[PDB]
Amino acid sequence: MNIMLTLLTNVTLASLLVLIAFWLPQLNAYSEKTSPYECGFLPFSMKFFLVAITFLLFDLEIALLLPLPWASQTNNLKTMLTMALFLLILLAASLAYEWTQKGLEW
Amino acid sequence: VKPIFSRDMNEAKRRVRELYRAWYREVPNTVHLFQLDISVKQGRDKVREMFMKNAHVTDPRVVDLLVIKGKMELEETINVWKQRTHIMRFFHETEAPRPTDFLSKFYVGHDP
Amino acid sequence: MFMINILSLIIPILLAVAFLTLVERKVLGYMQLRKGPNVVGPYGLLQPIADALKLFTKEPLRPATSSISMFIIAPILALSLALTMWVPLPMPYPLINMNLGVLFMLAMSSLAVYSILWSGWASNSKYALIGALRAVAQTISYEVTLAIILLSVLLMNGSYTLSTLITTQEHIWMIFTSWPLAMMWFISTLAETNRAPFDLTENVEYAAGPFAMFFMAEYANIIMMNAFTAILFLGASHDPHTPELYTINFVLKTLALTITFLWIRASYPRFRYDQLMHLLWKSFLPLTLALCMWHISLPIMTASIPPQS
Amino acid sequence: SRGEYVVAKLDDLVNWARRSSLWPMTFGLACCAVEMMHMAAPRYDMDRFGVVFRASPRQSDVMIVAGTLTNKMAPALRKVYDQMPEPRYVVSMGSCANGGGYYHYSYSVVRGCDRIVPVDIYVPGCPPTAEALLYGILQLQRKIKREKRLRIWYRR
Amino acid sequence: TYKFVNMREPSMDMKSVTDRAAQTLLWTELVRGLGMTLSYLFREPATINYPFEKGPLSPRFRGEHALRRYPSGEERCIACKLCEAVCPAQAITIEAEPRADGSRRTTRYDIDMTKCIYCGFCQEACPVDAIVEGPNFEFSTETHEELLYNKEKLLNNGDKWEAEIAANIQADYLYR
Amino acid sequence: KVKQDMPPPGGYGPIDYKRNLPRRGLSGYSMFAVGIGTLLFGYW
Ligand code: SF4
Ligand code: SF4
Ligand code: SF4
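Rules and cut-offs
Residues numbered from 1 in each chain as written, not as in the entry; some residues may be left out. Chains lettered and ligands numbered in written order. Part of a larger assembly, values for the part shown. Heavy atoms only, no water. Residues with missing side-chain atoms left out of burial classes, pairs and counts. Helix = DSSP H or I, 4+ residues; strand = E, 2+ residues; numbered from the N terminus. Buried < 20%, exposed > 50% of the residue type's maximum accessible area, 1.4 Å probe, protein only. Contact = heavy atoms within 4.5 Å. Near = heavy atom within 4 Å. Nonpolar A, V, L, I, M, F, W, Y, C, P; charged D, E, K, R; others polar. Buried area = accessible area lost by both parts, 1.4 Å probe. Salt bridge = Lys/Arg side-chain N within 4 Å of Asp/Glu carboxyl O. Polar contact = N/O pair within 3.5 Å; in protein donor to acceptor, adjacent residues only side chain to side chain. Core = buried A, V, L, I, M, F, W, Y, C linked by side-chain atoms within 4.5 Å. UniProt positions renumbered as here; feature names shortened; annotations may be inferred. Pairing = 2+ DSSP bridges. Axes fitted to C-alpha atoms, helices over the stretch in contact; angles between N-to-C directions. Expected span 1.5 Å × (residues − 1). Arc of directions from axis to C-beta. Parallel < 35°, antiparallel > 145°, perpendicular 65-115°, else oblique. Right-handed = clockwise from strand over helix to strand, strands pointing away. Left-handed = near helix turned anticlockwise from the far one by under 90°.

Help me out: how do you make sense of the overall build of chain A in this one?
Check the secondary structure of chain A and you find four helices and zero strands. Each helix and strand of chain A, placed in order from N terminus to C terminus, yields the pattern α-α-α-α.

Structure representation (structure tokens):
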């Protein structure tokens, strides 16, 4: 209930400030800027998406690497160490593949 | 004398017609691009008026240079190098109409 | 009384941000042989109030938002997440003690990224979206390295509990054990908050109040990240009977780190997007992976595995 | 009355905020921009007064026209000016911005930025010394201090 | 006669390579620059306290134009109009008529400061030291009309600033 | 007599006109050794 209370209070405070910043300040009359948004009419470059998919996959591998602190308490330390090093080596291998091949163009 | 582009008036008229076609087709887009309040007919009327203003020319060299200048204005209009005011400058609006009647000019001022 | 604690965590942070604006102005000026705000109030102490009052009275212009709904949610999300990230931080005793506080912090920073995307998309502005997407790309790379560094340093903490960091660094600061990770961590924090040299100068459509709140959220995130760096590496002595000592030392450390943030801001030219990503992908990431290997192997090979509980 | 007293005090508070934290946009066009930089230079330090150079015109309060406003640049100046939020004030720096100065009779120079945008403070000089420009800003601050927007609304 | 900037080959000595890698990895030069800015922090700021403190100025300073008078009190301007001619911005407009006494006294001495370039040619041309740019640089106005200075405005400016103007001329006339 | 602003008898003193950027810091080996030593103490 405490954490829920913190979330509620923070959200309500932020929303109240947004109210007093979006609707309260616009009450003051400032004439009227009869100025139309003159619009008269697409850079979908892979340069952006590539940065996104690669991040998704590396974030996935990072997710597998999260339980490591508790995994150090296992009696089978050798096996756990080997598996952790394996996951890290695979992360490095994925990075190397992209770097060696046509990747990391960002 | 070396011709600018056209050796004969007929060749020059060909260039004039080519320019007129481009201006005629560009007017609808121009109204959209600059969000002008003129109608497509109004813009095309102005284009014809501007072409008809220089309709007394007889030298192919002069006609060539007029076409070149006409092209340059079209290039700026197409490339949005001109601004909304620049396009509207063709349509003199704020300028008060100056009368042509002698009696009116007599009243207006010492205008010769 | 718990609500009083929440308020005593929220309000002081906002006031601290307001005065941090003035502190930054003066620090940058005096590093440029200039006097920061000195006319508006004694030593400019009234400058933030003047700025706030002017902002909340300036005519707000509408940015033709494709989705007011979303355009309004983005500021709320940013500010709320910035406020929430302070909750798990142990100033000796945390407001909300989570066994996995560190992961909570990381997740909160991850959600904060959406505020950027929502702002640009709803802005209906090609330049806005382009710049927003650039921000997405920048925060994308920081998160990976930040997570790796945090995991590696917590491999000696023994858990994700933030409070345990104080006990782990009771005798020696963590930085003396993991200084390269500390360097990369600080630079990654700079990248996260887009503080120079990771800015992309030239969500601007936000007018007055909205902008002011986004600015506040960003600076609160600056202070919070510096506090996180302090707790992680610059451990502070805590006497259970007198916690005020730890509170004072921790506050001083956080202030020093924010001052370093400003000091870097006015010391180095801004990077380029290609250069920033060729840092956070081709210099930091391989080193972070290698150091993660090292910080996994070291506790086992030195029989220094920290207690789980 | 009490109502007048409350409105007047609130108006003074609003006036103080704006004049204390004026945010100018550098519309540096010509030689006068250099002296404007010297105003922000350490010797004078406009920021000391709270006047911080706001690159974004959308978050600016004062437009300092510094230089010769040519016909080609004239539409841009007005369009930028109307995209400024209110309250917005225009400070004309330099004889060229004031009335064309050396280029008053030029074929492609606007005879003063006053024609294009309404000006509040005219800073004389060619270029006006940085102190004179700083003096103009302080004069604008005093001009804002005298403004009674709320009082007139109440007494309407 | 010519110096080669850059154009310095890097030594491949293992020690030199080690120090270069140390610079790259440990960010030494960035720390050096950071220390430089920190040093700038502890210096004394160079900001003057305007308007309580004014910046240095020389007696030859050129500012607000002013019409001077002889010690007797007669306007020095004898309507030669050569200052009008020399003015590179054509800002001075002079119209003169024989005064009731009979001297060449201008009936109109108008200078639009909004068109003047503050060059100082006018004061260098005047043969009687009548029009002299004064020391006042802080005369900003709120309306354009005020900048256009009448003859009366110039005379009043001369009467106001005469002490300083005379002192500066006395301190600089030898150089001229 | 002529009293123009003139160079003093003997002229002015020398003026530095070359880059003075000094050399600071330890050798690369030494800096790496210091870092590694701090690491080792931390580990122990
Ligand atoms: S007033 Fe003088 S200094 Fe300023 S822009 Fe014009 S010519 Fe240049
Ligand atoms: S040059 Fe001197 S004397 Fe001649 S008209 Fe001008 S002010 Fe008068
Ligand atoms: S100082 Fe120069 S610009 Fe001013 S009146 Fe004299 S000649 Fe004209």
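Got a minute to help me understand the side chain of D47 of chain D in this structure?
One can find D47 of chain D in the loop between α2 (32-40) and β2 (62-66). The buried category is assigned to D47 of chain D, whose relative accessible area is 7%. Those residues in contact with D47 of chain D that lie beyond four places of it in its chain are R25, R34, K35, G36 and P37 of chain C together with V52 of chain D.

Just to check I follow, could you spell out the site of ligand 1 for this structure?
What surrounds ligand 1 is the set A30, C31, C32, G67, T68, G94, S95, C96, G125, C126 and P127 of chain D. Across the shell around ligand 1, the residue classes tally to six nonpolar, five polar and no charged.

Hey, could you run me through the interface of chain A and chain C in this one?
Size of an interface: often given as the accessible area lost when the parts come together. Each partner contributes residues to the interface: chain A has 52 residues there, and chain C has 64 residues. Summed over both partners, the interface of chain A with chain C buries about 5000 Å², with 83% contributed by carbon and sulfur atoms. When residues of chain A are sorted by the area they lose upon contact with chain C, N10, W70 and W106 of chain A head the list and together hold 12% of the total. Across the chain A-chain C interface, the total number found is one salt bridge. A salt bridge links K33 of chain A to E59 of chain C, with the shortest nitrogen-to-oxygen separation between them at 3.1 Å. On inspection of chain A and its partner chain C, the count reaches six residue pairs in polar contact. Of all elements in the fold, only α1 (2-22), α2 (46-65), α3 (68-71) and α4 (77-100) of chain A reach the threshold of two or more residues within the side of chain A that touches chain C. At 16 residues, α1 of chain A tops the list of elements feeding residues into the side of chain A that touches chain C.

I would appreciate a short explanation of the nonpolar core in the present structure.
Across soluble globular proteins, nonpolar side chains have a tendency to be buried as a group. In terms of nonpolar packing, the biggest core is built from 129 residues, with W185, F228 and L232 of chain C touching the most fellow members. With 16 residues, the single largest contributor to this core is helix α8 (residues 209-233) of chain C. Apart from residues lying up to four places away in sequence, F228 of chain C is in contact with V102, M105, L150, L162 and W185 of chain C. Of all hydrophobic cores here, the second largest spans 38 residues; its members include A74 of chain D together with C87, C126 and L155 of chain E.

How should I be thinking about the UniProt feature "transmembrane region" in chain A in this particular structure?
Cross-referencing UniProt, the feature "transmembrane region" maps to residues 3-23, 48-68 and 79-99 of chain A in the present numbering. Between the C-alpha atoms that bound residues 48-68 of chain A the distance is 31 Å, and the span itself is 90% helix and 0% strand.

Explain the sheet that holds strand β2 (residues 92-98) of chain E here, please?
Adjacent strands of a sheet pair through backbone hydrogen bonds, lying either parallel or antiparallel. Residue and element names in this part refer to chain E. Pairing is antiparallel in the open sheet, where three strands are placed in the order β2-β3-β5. Bordering the open sheet on either side are β2 and β5 (148-149), each of which pairs with just one other strand. Strand contacts of helix α6 (residues 151-172): β3 (104-112) and β5, with the helix running at about 95 degrees to β3, the strand carrying the most contacts.

Explain helix α1 (residues 28-43) of chain F to me, please; I cannot follow it from the model alone.
Three- or four-residue spacings in an α-helix give side chains the same orientation, since the helix completes a turn every 3.6 residues. If you check α1 of chain F, its first and last C-alpha atoms are 22 Å apart, about what 16 residues at 1.5 Å a residue would give, namely 22 Å. Restricting attention to buried positions, one finds in α1 of chain F the residues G28, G35, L39, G42 and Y43 of chain F. Projected onto a plane normal to the axis of α1 of chain F, the buried residues spread over an arc of 105 degrees and lie on a single side. Where α1 of chain F is buried, its residues contact α7 (179-192) and α11 (284-301) of chain C together with α1 (14-26) of chain E.

Looking at this structure, I do not really get α7 of chain C. What am I missing?
All names here are of chain C. Taking 1.5 Å of rise per residue, 14 residues should cover 20 Å, and α7 covers 20 Å from first to last C-alpha, within 8% of that figure. Taking burial as the measure, the 14 residues of α7 include 12 buried ones, the bulk of the element. Within α7 the residues assigned to the buried category are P180, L181, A182, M184, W185, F186, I187, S188, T189, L190, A191 and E192. Of the residues trailing α7, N194 is marked for its positive phi of about 60 degrees.

Explanation requested: the packing of α1 of chain E against α1 of chain F in the structure shown.
For the pair α1 of chain E and α1 of chain F, the least separation of the axes is 8 Å and the interaxial angle reads 50 degrees. Viewed along their axes, α1 of chain E and α1 of chain F adopt a mutual orientation that is oblique. Along its contact with α1 of chain E, which presents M14, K15, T18, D19, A21, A22, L25 and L26 of chain E, the element α1 of chain F presents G28, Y29, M31 and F32 of chain F. Residue classes in the contact of α1 of chain E with α1 of chain F are distributed as eight nonpolar, two polar and two charged.

Would you take a moment to explain the pairing of β2 of chain D for this structure?
For a regular strand, side-chain orientation follows a simple rule: the groups alternate between the two sheet faces. Residues and elements named next belong to chain D. Of all five residues in β2, five are buried, a share of seventy percent or more. On β2, burial covers both faces: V62, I64 and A66 on one face and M63 and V65 on the other are all buried. Taken together, strand β1 (residues 24-28), α2 and β2 constitute a β-α-β crossover, and its handedness is left-handed. For the segment spanning β2, helix α3 (residues 74-82) and strand β3 (residues 89-93), crossover handedness is right-handed.

In this structure, what is going on with the pairing of β3 of chain E? I would like to understand it.
Residues and elements named next belong to chain E. Where β2 meets β3, seven bridges bridge the pair, whose relative direction is antiparallel. In the sheet register, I94 faces β3, and the bridge partner there is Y109. Count of turn residues in the β2/β3 antiparallel hairpin: five residues, of which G102 carries a positive phi of about 125 degrees. Bridge count for β3 against β5 is two bridges, and the pairing is antiparallel. In the sheet register, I111 faces β5, and the bridge partner there is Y149.

Explanation requested: the environment of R62 of chain C in the structure shown.
Relative to the helices and strands, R62 of chain C resides in the loop between α2 (47-55) and α3 (68-85). With residues near it in sequence (within four places) discarded, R62 of chain C still touches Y37 of chain A together with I68 of chain C.

Sorry if this is basic, but what is going on with the sheet that holds strand β4 (residues 121-123) of chain D here?
All names here are of chain D. The four strands lie next to each other as β1-β2-β3-β4, forming an open sheet whose pairing is parallel. The open sheet is flanked by β1 and β4, the only strands paired with a single partner. Each strand of the sheet is rotated relative to its neighbour by a mean of 20 degrees, with strand direction disregarded. With three bridges joining them, β3 and β4 adopt parallel strand pairing. What sits directly across from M93, in β4, is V123.

Which parts of the structure should I look at to understand the packing of α7 of chain C against α8 of chain C?
Each packed pair of helices is defined by two parameters, the angle between the axes and the distance between the axes. Residue and element names in this part refer to chain C. Running from amino to carboxyl end, α7 crosses α8 at an angle of 165 degrees, the nearest separation of the two axes being 10 Å. Here α7 is positioned roughly antiparallel relative to α8, judged by the angle of their axes. In the packing of α7 onto α8, the handedness of the crossing is right-handed. Across from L181, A182, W185, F186, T189 and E192 in α7, the residues of α8 making contact are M225, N226, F228, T229, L232 and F233.

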